[PDB]
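The file protein-v9.cif comes next; it holds mmCIF, C-alpha atoms.
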data_upload
#
loop_
_atom_site.label_atom_id
_atom_site.label_comp_id
_atom_site.auth_asym_id
_atom_site.auth_seq_id
_atom_site.Cartn_x
_atom_site.Cartn_y
_atom_site.Cartn_z
CA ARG A 358 30.23 -48.31 34.92
CA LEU A 359 32.93 -46.89 37.14
CA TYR A 360 35.42 -49.58 36.17
CA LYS A 361 34.86 -49.06 32.49
CA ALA A 362 35.37 -45.33 33.10
CA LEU A 363 38.62 -46.06 34.96
CA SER A 364 39.92 -48.45 32.29
CA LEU A 365 39.13 -45.78 29.74
CA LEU A 366 41.07 -43.32 31.91
CA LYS A 367 43.94 -45.80 31.91
CA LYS A 368 43.86 -46.10 28.13
CA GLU A 369 43.72 -42.36 27.71
CA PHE A 370 46.62 -41.75 30.07
CA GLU A 371 48.66 -44.44 28.36
CA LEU A 372 48.00 -42.70 25.06
CA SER A 373 48.83 -39.26 26.44
CA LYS A 374 51.91 -40.74 28.02
CA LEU A 375 53.01 -42.35 24.77
CA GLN A 376 52.34 -39.14 22.80
CA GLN A 377 54.07 -36.97 25.43
CA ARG A 378 56.99 -39.39 25.39
CA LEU A 379 57.03 -39.54 21.61
CA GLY A 380 57.30 -35.81 21.67
CA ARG A 381 59.91 -35.88 24.45
CA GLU A 382 62.05 -38.38 22.58
CA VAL A 383 61.80 -36.53 19.29
CA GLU A 384 62.51 -33.33 21.20
CA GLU A 385 65.59 -34.88 22.76
CA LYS A 386 66.73 -35.98 19.31
CA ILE A 387 66.34 -32.37 18.19
CA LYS A 388 68.27 -31.12 21.28
CA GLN A 389 71.23 -33.07 19.97
CA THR A 390 71.80 -30.07 17.69
CA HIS A 391 74.47 -28.20 19.56
CA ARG A 392 73.89 -25.08 21.58
CA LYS A 393 76.72 -23.56 19.52
CA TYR A 394 74.26 -23.59 16.63
CA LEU A 395 71.99 -21.44 18.78
CA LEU A 396 74.93 -19.12 19.35
CA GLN A 397 75.43 -19.12 15.58
CA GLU A 398 71.80 -18.09 15.34
CA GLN A 399 72.58 -15.26 17.71
CA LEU A 400 75.41 -14.25 15.43
CA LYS A 401 73.05 -14.19 12.47
CA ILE A 402 70.58 -12.14 14.50
CA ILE A 403 73.31 -9.61 15.26
CA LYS A 404 74.00 -9.12 11.58
CA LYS A 405 70.29 -9.11 10.74
CA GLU A 406 69.85 -6.08 12.96
CA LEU A 407 73.18 -4.57 12.01
CA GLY A 408 72.93 -3.26 8.50
CA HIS B 123 52.50 -28.43 -22.45
CA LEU B 124 53.27 -25.02 -20.98
CA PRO B 125 56.71 -23.52 -20.23
CA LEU B 126 57.63 -23.81 -16.56
CA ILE B 127 56.79 -20.82 -14.38
CA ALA B 128 59.63 -18.93 -12.69
CA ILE B 129 58.73 -19.30 -9.00
CA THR B 130 61.65 -16.99 -8.09
CA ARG B 131 61.94 -17.67 -4.35
CA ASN B 132 58.14 -17.68 -3.76
CA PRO B 133 57.12 -20.61 -1.50
CA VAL B 134 53.41 -21.42 -2.00
CA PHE B 135 52.40 -23.54 0.95
CA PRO B 136 49.55 -26.09 0.54
CA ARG B 137 46.00 -24.88 1.13
CA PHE B 138 46.95 -21.26 1.74
CA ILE B 139 45.94 -18.60 -0.74
CA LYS B 140 49.05 -16.82 -2.03
CA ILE B 141 50.17 -14.30 -4.65
CA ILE B 142 53.04 -14.53 -7.16
CA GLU B 143 54.53 -11.44 -8.81
CA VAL B 144 57.37 -12.49 -11.10
CA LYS B 145 59.26 -9.59 -12.64
CA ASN B 146 59.56 -11.17 -16.10
CA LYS B 147 56.80 -10.31 -18.58
CA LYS B 148 57.42 -13.46 -20.65
CA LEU B 149 55.34 -15.46 -18.19
CA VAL B 150 52.43 -13.11 -18.87
CA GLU B 151 52.50 -14.24 -22.49
CA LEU B 152 51.66 -17.66 -21.13
CA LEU B 153 49.06 -16.28 -18.73
CA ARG B 154 47.35 -14.51 -21.60
CA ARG B 155 47.65 -17.62 -23.71
CA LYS B 156 45.67 -19.44 -20.97
CA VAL B 157 42.97 -16.74 -20.45
CA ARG B 158 41.24 -18.12 -23.58
CA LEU B 159 40.95 -21.60 -21.99
CA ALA B 160 37.58 -22.49 -20.48
CA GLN B 161 39.41 -24.09 -17.52
CA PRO B 162 42.51 -21.93 -17.03
CA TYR B 163 45.15 -23.45 -14.81
CA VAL B 164 48.68 -22.91 -13.55
CA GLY B 165 51.20 -25.14 -11.83
CA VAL B 166 53.28 -24.37 -8.77
CA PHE B 167 56.62 -26.03 -8.10
CA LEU B 168 59.46 -25.44 -5.68
CA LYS B 169 63.00 -24.41 -6.70
CA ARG B 170 66.03 -26.54 -5.87
CA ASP B 171 69.28 -25.44 -4.23
CA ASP B 172 71.25 -22.60 -5.85
CA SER B 173 68.46 -20.47 -7.29
CA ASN B 174 69.17 -18.94 -10.69
CA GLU B 175 66.43 -17.36 -12.78
CA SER B 176 68.46 -17.79 -15.99
CA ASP B 177 68.74 -21.49 -15.28
CA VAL B 178 64.98 -21.83 -14.75
CA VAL B 179 64.48 -20.86 -18.42
CA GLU B 180 67.66 -22.67 -19.60
CA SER B 181 67.49 -26.01 -17.76
CA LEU B 182 64.43 -27.74 -16.35
CA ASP B 183 66.14 -29.71 -13.55
CA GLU B 184 66.44 -26.67 -11.25
CA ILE B 185 62.77 -26.73 -10.43
CA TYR B 186 61.91 -29.59 -8.12
CA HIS B 187 59.88 -32.41 -9.61
CA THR B 188 57.26 -31.61 -6.97
CA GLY B 189 54.51 -29.45 -8.39
CA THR B 190 51.30 -28.10 -6.95
CA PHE B 191 48.84 -27.76 -9.80
CA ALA B 192 45.90 -25.56 -9.03
CA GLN B 193 43.19 -23.65 -10.79
CA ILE B 194 43.68 -19.94 -11.28
CA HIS B 195 41.70 -17.61 -9.02
CA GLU B 196 41.63 -14.01 -10.19
CA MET B 197 43.98 -11.53 -11.81
CA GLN B 198 44.51 -8.18 -10.11
CA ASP B 199 47.58 -6.37 -11.58
CA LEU B 200 47.12 -3.17 -9.57
CA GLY B 201 50.71 -1.95 -10.13
CA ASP B 202 52.84 -4.57 -11.80
CA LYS B 203 51.65 -6.19 -14.99
CA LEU B 204 52.04 -9.71 -13.46
CA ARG B 205 50.25 -10.42 -10.16
CA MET B 206 48.92 -13.97 -10.44
CA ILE B 207 47.18 -15.65 -7.51
CA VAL B 208 48.08 -19.24 -6.70
CA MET B 209 46.94 -21.70 -4.07
CA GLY B 210 47.72 -25.29 -3.14
CA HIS B 211 45.18 -27.80 -4.38
CA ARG B 212 46.43 -30.74 -6.50
CA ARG B 213 49.88 -31.75 -5.34
CA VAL B 214 51.84 -33.85 -7.80
CA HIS B 215 55.29 -35.41 -8.07
CA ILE B 216 56.22 -35.42 -11.75
CA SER B 217 58.31 -38.36 -12.98
CA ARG B 218 60.41 -36.08 -15.19
CA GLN B 219 59.69 -32.37 -15.28
CA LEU B 220 62.09 -32.16 -18.20
CA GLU B 221 59.72 -34.50 -20.08
CA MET B 272 55.00 -33.10 -18.73
CA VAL B 273 53.70 -36.57 -17.92
CA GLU B 274 51.92 -36.53 -14.60
CA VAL B 275 49.79 -38.52 -12.22
CA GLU B 276 48.22 -37.58 -8.91
CA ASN B 277 50.39 -39.84 -6.69
CA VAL B 278 49.03 -38.06 -3.64
CA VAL B 279 49.84 -40.91 -1.26
CA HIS B 280 47.73 -41.10 1.92
CA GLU B 281 48.55 -44.43 3.54
CA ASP B 282 46.85 -44.80 6.92
CA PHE B 283 46.75 -47.05 9.99
CA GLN B 284 43.76 -49.31 10.62
CA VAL B 285 43.06 -47.61 13.96
CA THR B 286 41.92 -44.16 12.72
CA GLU B 287 41.13 -42.61 16.07
CA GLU B 288 44.59 -41.82 17.53
CA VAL B 289 46.54 -41.24 14.25
CA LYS B 290 45.32 -37.62 14.10
CA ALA B 291 46.46 -37.13 17.72
CA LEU B 292 50.03 -36.23 16.77
CA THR B 293 48.57 -33.26 14.88
CA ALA B 294 47.09 -32.12 18.20
CA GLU B 295 50.55 -32.07 19.73
CA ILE B 296 51.73 -30.21 16.64
CA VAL B 297 49.07 -27.58 17.15
CA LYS B 298 49.87 -27.36 20.85
CA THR B 299 53.47 -26.60 19.95
CA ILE B 300 52.11 -24.20 17.35
CA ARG B 301 50.00 -22.64 20.10
CA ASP B 302 53.15 -21.76 21.94
CA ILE B 303 54.64 -20.18 18.84
CA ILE B 304 51.69 -18.02 17.95
CA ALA B 305 51.19 -17.22 21.61
CA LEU B 306 54.70 -16.11 22.35
CA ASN B 307 55.30 -14.71 18.84
CA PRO B 308 52.00 -13.76 17.23
CA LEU B 309 52.46 -13.03 13.51
CA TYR B 310 49.10 -14.05 12.07
CA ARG B 311 45.81 -14.36 13.81
CA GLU B 312 45.23 -17.45 15.82
CA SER B 313 41.75 -17.40 14.23
CA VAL B 314 43.07 -19.37 11.27
CA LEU B 315 43.98 -21.99 13.83
CA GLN B 316 40.45 -21.49 15.13
CA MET B 317 39.14 -22.02 11.59
CA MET B 318 40.71 -25.46 11.49
CA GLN B 319 40.09 -26.60 15.08
CA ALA B 320 40.08 -30.23 16.13
CA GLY B 321 36.69 -29.96 17.89
CA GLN B 322 34.72 -28.42 14.95
CA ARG B 323 34.74 -31.36 12.38
CA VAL B 324 35.40 -29.12 9.30
CA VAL B 325 38.88 -30.61 8.62
CA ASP B 326 37.92 -32.92 5.76
CA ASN B 327 41.63 -33.08 4.68
CA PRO B 328 43.92 -33.51 7.73
CA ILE B 329 47.05 -34.29 5.68
CA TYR B 330 46.78 -30.81 4.18
CA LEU B 331 46.28 -29.37 7.66
CA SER B 332 49.54 -31.02 8.73
CA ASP B 333 51.15 -29.44 5.66
CA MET B 334 49.66 -26.08 6.63
CA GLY B 335 51.07 -26.49 10.12
CA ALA B 336 54.52 -27.42 8.89
CA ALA B 337 54.28 -24.28 6.74
CA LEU B 338 54.41 -22.11 9.86
CA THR B 339 57.92 -23.43 10.47
CA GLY B 340 60.44 -20.89 9.23
CA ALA B 341 62.76 -23.50 7.71
CA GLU B 342 64.03 -23.00 4.14
CA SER B 343 62.20 -24.54 1.19
CA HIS B 344 64.89 -27.19 0.61
CA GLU B 345 63.92 -28.61 4.01
CA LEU B 346 60.28 -28.48 2.87
CA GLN B 347 61.30 -30.66 -0.06
CA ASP B 348 62.91 -33.01 2.45
CA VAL B 349 59.58 -33.18 4.27
CA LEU B 350 57.81 -33.75 0.91
CA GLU B 351 60.03 -36.73 0.13
CA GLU B 352 58.58 -38.46 3.20
CA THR B 353 55.65 -40.74 2.30
CA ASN B 354 54.82 -42.32 5.63
CA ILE B 355 52.59 -40.18 7.80
CA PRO B 356 54.49 -40.54 11.13
CA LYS B 357 57.78 -39.84 9.35
CA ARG B 358 56.68 -36.62 7.61
CA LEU B 359 54.97 -35.60 10.85
CA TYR B 360 58.25 -36.36 12.61
CA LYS B 361 60.27 -34.16 10.29
CA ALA B 362 57.64 -31.39 10.48
CA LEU B 363 57.76 -31.67 14.27
CA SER B 364 61.52 -31.33 14.17
CA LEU B 365 61.18 -28.16 12.14
CA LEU B 366 58.59 -26.91 14.60
CA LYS B 367 60.78 -27.48 17.66
CA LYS B 368 63.69 -26.01 15.74
CA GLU B 369 61.79 -22.78 15.56
CA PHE B 370 60.54 -23.14 19.16
CA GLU B 371 63.86 -23.21 20.98
CA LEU B 372 65.37 -20.36 19.04
CA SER B 373 62.21 -18.37 19.55
CA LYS B 374 62.16 -19.05 23.27
CA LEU B 375 65.79 -18.09 23.44
CA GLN B 376 65.13 -14.80 21.67
CA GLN B 377 62.32 -13.78 23.94
CA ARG B 378 64.27 -14.69 27.04
CA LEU B 379 67.20 -12.71 25.74
CA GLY B 380 65.13 -9.67 24.88
CA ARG B 381 63.40 -9.57 28.26
CA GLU B 382 66.74 -10.35 29.96
CA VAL B 383 68.30 -7.28 28.42
CA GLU B 384 65.26 -5.32 29.46
CA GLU B 385 65.31 -6.14 33.16
CA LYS B 386 69.00 -5.28 33.13
CA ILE B 387 68.01 -1.90 31.73
CA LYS B 388 65.32 -1.47 34.36
CA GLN B 389 67.87 -2.30 37.03
CA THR B 390 70.11 0.29 35.45
CA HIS B 391 67.32 2.80 35.67
CA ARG B 392 66.64 1.80 39.28
CA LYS B 393 70.23 2.55 40.15
CA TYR B 394 70.16 5.88 38.37
CA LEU B 395 67.03 6.78 40.27
CA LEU B 396 68.61 5.68 43.52
CA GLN B 397 71.58 7.89 42.83
CA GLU B 398 69.34 10.78 41.85
CA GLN B 399 67.28 10.48 45.00
CA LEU B 400 70.45 10.45 47.13
CA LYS B 401 71.76 13.51 45.28
CA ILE B 402 68.58 15.48 45.82
CA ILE B 403 68.62 14.31 49.44
CA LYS B 404 72.18 15.57 49.91
CA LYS B 405 71.42 18.82 48.14
CA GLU B 406 68.09 19.67 49.75
CA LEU B 407 68.27 18.55 53.37
CA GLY B 408 71.21 19.10 55.61
CA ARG C 358 28.48 35.12 8.27
CA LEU C 359 27.67 31.40 8.06
CA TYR C 360 30.37 30.88 5.40
CA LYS C 361 32.84 33.03 7.29
CA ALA C 362 32.19 31.18 10.55
CA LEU C 363 32.79 27.93 8.73
CA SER C 364 35.97 29.42 7.37
CA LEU C 365 37.26 30.40 10.77
CA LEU C 366 36.38 26.94 11.99
CA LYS C 367 38.35 25.37 9.19
CA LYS C 368 41.15 27.82 9.93
CA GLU C 369 41.40 26.50 13.45
CA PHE C 370 41.19 23.01 11.98
CA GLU C 371 44.15 23.82 9.81
CA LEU C 372 46.35 25.17 12.55
CA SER C 373 45.35 22.38 14.84
CA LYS C 374 46.07 19.51 12.47
CA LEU C 375 49.45 20.98 11.63
CA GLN C 376 50.32 21.11 15.31
CA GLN C 377 49.20 17.53 15.85
CA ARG C 378 51.04 16.11 12.87
CA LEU C 379 54.16 17.85 14.02
CA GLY C 380 53.70 16.60 17.55
CA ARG C 381 53.20 12.97 16.72
CA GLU C 382 56.08 13.18 14.32
CA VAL C 383 58.58 14.63 16.77
CA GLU C 384 57.51 12.12 19.35
CA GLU C 385 58.01 9.20 16.98
CA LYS C 386 61.36 10.65 16.04
CA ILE C 387 62.18 10.33 19.72
CA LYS C 388 60.67 6.87 19.98
CA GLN C 389 62.71 5.80 16.98
CA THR C 390 65.81 7.28 18.53
CA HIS C 391 65.18 5.32 21.66
CA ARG C 392 64.03 2.13 19.95
CA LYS C 393 67.26 2.01 17.98
CA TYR C 394 69.14 2.73 21.20
CA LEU C 395 67.44 -0.29 22.73
CA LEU C 396 68.10 -2.58 19.72
CA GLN C 397 71.72 -1.53 19.83
CA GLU C 398 71.75 -2.40 23.51
CA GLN C 399 70.66 -5.95 22.74
CA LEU C 400 73.32 -6.10 20.01
CA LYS C 401 75.77 -5.24 22.77
CA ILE C 402 74.41 -7.80 25.24
CA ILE C 403 74.51 -10.58 22.67
CA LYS C 404 78.04 -9.61 21.88
CA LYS C 405 78.70 -9.57 25.65
CA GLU C 406 77.40 -13.07 26.36
CA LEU C 407 79.84 -14.50 23.84
CA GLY C 408 82.25 -11.88 22.53
#
Please go through the file and, once you have read it, give me the structure as structure tokens.
Amino acid sequence: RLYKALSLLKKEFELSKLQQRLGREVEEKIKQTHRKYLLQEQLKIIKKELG
Amino acid sequence: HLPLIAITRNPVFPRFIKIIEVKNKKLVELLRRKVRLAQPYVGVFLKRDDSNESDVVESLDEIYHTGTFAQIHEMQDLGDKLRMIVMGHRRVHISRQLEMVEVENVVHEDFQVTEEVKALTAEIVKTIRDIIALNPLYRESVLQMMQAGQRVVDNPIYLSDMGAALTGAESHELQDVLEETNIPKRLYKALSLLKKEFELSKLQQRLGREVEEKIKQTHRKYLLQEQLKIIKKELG
Amino acid sequence: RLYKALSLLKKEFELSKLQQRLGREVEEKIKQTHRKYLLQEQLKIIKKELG
């Protein structure tokens, strides 16, 4: 009963690892947008609160 | 066979009650023409790029082929003469809105292992938990209404649409997410929109605080100087 | 005398509520004046991180 509980822990960590990694990869592919775009967003913010 | 409604920059997200208040009173002629129907109904579409209200009544290509047919709820008209309520029920992708023939091609392809496919939504809500936690706008109770532990989510694909709706991205990007048919792909685009809001948010909060501690430090200095002054002026 | 006592009581209610409305209003006029001062400060600091 222990070993089935451990193998189930293994399966759950492999799933959490694959989901965390799927999110980390997709997140990295969204970080490819340049930080200059963030600075452009700052620019927009400035004008938003500058009317 | 009804003339197309003028959405006029009013995004009606799926499974979220919403109100539409077009300024034109010509649409009300259609709303009154449908009050006599035993089963009154209205459609809801999304506008394409370069909005133009004159083109919505001139050309029919400006509205996206996507449409969200739904039953009418209740008229109010407290101030304006046109305050329809709309909601997102029967999504549809018309073959030719200019022509309107329609079919409920509400695709919902799914993996054989239906245990773990809803798990990406959990990561979507955990991201969403950071957004509503660091920038509360609406109550988190709606998130509590559709919780993963409560078993009331009979329609998870709509919940993923509801969660992508919290993203602040423009409606043309929502159409890009609507073009996706595969579940992981539309979830992937919706996740990109979600992170896109999350970095900029995180950056704003860090900037706002940052400016604040600088101000506190500025105060601190002022106080330090003040203390010294009083100390030089009182003792000695 | 019961009507007149109620009328003095309302009279104090009148003078009181006028003083309170005026007090909350002046204070918010200060808060607004500061709040905008803050917002402008952030405007500055964003311009300062990349001017």
Using all atoms listed in the file, which of B:334, B:369, B:272, B:292 sits nearest residue 378 (chain A)?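 Closest to residue 378 (chain A) of all the choices is B:292.
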With all atoms listed in the file considered, list every residue of chain A at most 9 Å from chain B, as a VMD selection string. chain A and resid 372 376 to 377 380 383 to 384 386 to 388 395 398 to 399
Considering all atoms listed in the file, extract the chain A residues located within 12 Å of chain C and return them as an mmCIF file with C-alpha atoms, keeping the file's coordinate frame.
data_model
loop_
_atom_site.group_PDB
_atom_site.id
_atom_site.type_symbol
_atom_site.label_atom_id
_atom_site.label_comp_id
_atom_site.auth_asym_id
_atom_site.auth_seq_id
_atom_site.Cartn_x
_atom_site.Cartn_y
_atom_site.Cartn_z
ATOM 1 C CA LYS A 393 76.720 -23.560 19.520
ATOM 2 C CA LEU A 395 71.990 -21.440 18.780
ATOM 3 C CA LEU A 396 74.930 -19.120 19.350
ATOM 4 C CA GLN A 397 75.430 -19.120 15.580
ATOM 5 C CA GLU A 398 71.800 -18.090 15.340
ATOM 6 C CA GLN A 399 72.580 -15.260 17.710
ATOM 7 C CA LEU A 400 75.410 -14.250 15.430
ATOM 8 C CA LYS A 401 73.050 -14.190 12.470
ATOM 9 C CA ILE A 402 70.580 -12.140 14.500
ATOM 10 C CA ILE A 403 73.310 -9.610 15.260
ATOM 11 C CA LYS A 404 74.000 -9.120 11.580
ATOM 12 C CA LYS A 405 70.290 -9.110 10.740
ATOM 13 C CA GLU A 406 69.850 -6.080 12.960
ATOM 14 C CA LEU A 407 73.180 -4.570 12.010
ATOM 15 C CA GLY A 408 72.930 -3.260 8.500
#
What would you get as a compact mmCIF listing (two decimals) with C-alpha atoms, keeping the file's coordinate frame if chain C were moved onto chain A by least squares over all of its C-alpha atoms in order?
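Output saved as part37.txt:
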# COMPACT_ATOMS: atom_id res chain seq x y z
CA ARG C 358 32.97 -54.72 35.35
CA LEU C 359 32.91 -51.15 36.70
CA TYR C 360 36.44 -51.55 38.12
CA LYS C 361 37.66 -53.25 34.98
CA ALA C 362 36.18 -50.55 32.75
CA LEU C 363 37.93 -47.96 34.87
CA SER C 364 41.09 -49.96 34.49
CA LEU C 365 40.88 -50.06 30.73
CA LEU C 366 40.19 -46.35 30.78
CA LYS C 367 43.27 -45.73 32.85
CA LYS C 368 45.17 -48.05 30.53
CA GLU C 369 44.33 -45.84 27.60
CA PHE C 370 45.25 -42.88 29.78
CA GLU C 371 48.62 -44.43 30.36
CA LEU C 372 49.42 -45.12 26.75
CA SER C 373 48.12 -41.75 25.74
CA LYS C 374 50.11 -39.69 28.22
CA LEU C 375 53.28 -41.54 27.30
CA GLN C 376 52.71 -40.72 23.65
CA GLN C 377 52.08 -37.06 24.42
CA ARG C 378 55.08 -36.63 26.67
CA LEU C 379 57.24 -38.18 24.02
CA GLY C 380 55.73 -35.99 21.34
CA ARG C 381 56.17 -32.70 23.10
CA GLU C 382 59.65 -33.74 24.06
CA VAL C 383 60.81 -34.62 20.56
CA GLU C 384 59.30 -31.44 19.25
CA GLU C 385 61.10 -29.31 21.83
CA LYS C 386 64.28 -31.17 21.02
CA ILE C 387 63.74 -29.91 17.49
CA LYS C 388 62.83 -26.43 18.64
CA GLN C 389 65.97 -26.34 20.75
CA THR C 390 68.00 -27.54 17.81
CA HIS C 391 66.60 -24.76 15.72
CA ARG C 392 66.69 -22.09 18.42
CA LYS C 393 70.39 -22.72 18.92
CA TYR C 394 70.83 -22.65 15.15
CA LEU C 395 69.20 -19.23 15.15
CA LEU C 396 71.28 -17.89 18.09
CA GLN C 397 74.39 -19.10 16.32
CA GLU C 398 73.22 -17.26 13.23
CA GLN C 399 73.08 -13.99 15.15
CA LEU C 400 76.54 -14.76 16.57
CA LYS C 401 77.63 -14.99 12.95
CA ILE C 402 75.91 -11.77 11.87
CA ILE C 403 77.39 -9.81 14.75
CA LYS C 404 80.76 -11.18 13.84
CA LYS C 405 79.98 -10.23 10.21
CA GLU C 406 79.10 -6.59 10.89
CA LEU C 407 82.49 -6.06 12.49
CA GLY C 408 84.75 -9.09 12.11
Near region 123-138 of chain B, within 7 Å and counting only C-alpha atoms, which residues show up once chain neighbours fewer than 4 positions away are dropped, as a PyMOL selection string? chain B and resi 142+144+149+168+175+178+209-211+272+330+333-334+337+343
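As for CA of residue 220 (chain B) and CA of residue 182 (chain B), they are spaced 5.3 Å apart.
Shortest separation to residue 143 (chain B) among B:362, B:329, B:338, B:200 occurs at residue B:200, atoms counted being all atoms listed in the file.
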Just to confirm, what's the straight-line distance from CA of residue 351 (chain B) to CA of residue 279 (chain B) in Å (one decimal)?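 Separation between CA of residue 351 (chain B) and CA of residue 279 (chain B): 11.1 Å.
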Within 12 Å of residue 316 (chain B) using all atoms listed in the file, minus same-chain residues under 6 positions, as a ChimeraX atom specification: /B:297,301,310,322-325
Provide the CA of residue 355 (chain B) to CA of residue 328 (chain B) distance in Å, to one decimal place.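 Pair CA of residue 355 (chain B) / CA of residue 328 (chain B) returns 10.9 Å.
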Which protein, DNA or RNA residues have an atom at most 9 Å from (56.6, -24.7, -10.4), counting all atoms listed in the file? List them as a PDB file with C-alpha atoms, in the coordinates of the input.
ATOM      1  CA  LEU B 126      57.630 -23.810 -16.560  1.00  0.00           C
ATOM      2  CA  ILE B 127      56.790 -20.820 -14.380  1.00  0.00           C
ATOM      3  CA  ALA B 128      59.630 -18.930 -12.690  1.00  0.00           C
ATOM      4  CA  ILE B 129      58.730 -19.300  -9.000  1.00  0.00           C
ATOM      5  CA  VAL B 164      48.680 -22.910 -13.550  1.00  0.00           C
ATOM      6  CA  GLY B 165      51.200 -25.140 -11.830  1.00  0.00           C
ATOM      7  CA  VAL B 166      53.280 -24.370  -8.770  1.00  0.00           C
ATOM      8  CA  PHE B 167      56.620 -26.030  -8.100  1.00  0.00           C
ATOM      9  CA  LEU B 168      59.460 -25.440  -5.680  1.00  0.00           C
ATOM     10  CA  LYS B 169      63.000 -24.410  -6.700  1.00  0.00           C
ATOM     11  CA  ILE B 185      62.770 -26.730 -10.430  1.00  0.00           C
ATOM     12  CA  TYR B 186      61.910 -29.590  -8.120  1.00  0.00           C
ATOM     13  CA  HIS B 187      59.880 -32.410  -9.610  1.00  0.00           C
ATOM     14  CA  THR B 188      57.260 -31.610  -6.970  1.00  0.00           C
ATOM     15  CA  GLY B 189      54.510 -29.450  -8.390  1.00  0.00           C
ATOM     16  CA  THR B 190      51.300 -28.100  -6.950  1.00  0.00           C
ATOM     17  CA  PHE B 191      48.840 -27.760  -9.800  1.00  0.00           C
TER      18      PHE B 191
END
With distances taken over all atoms listed in the file, which of B:317, B:303, B:216, B:197 is nearest to residue 278 (chain B)?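 Smallest separation from residue 278 (chain B) among the options: B:216.
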Run the PyMOL selection byres ((chain B and resi 163) around 7) against the file shown and list the residues it catches, as a list in words. residues 161, 162, 164, 165, 192, 193 and 194 of chain B
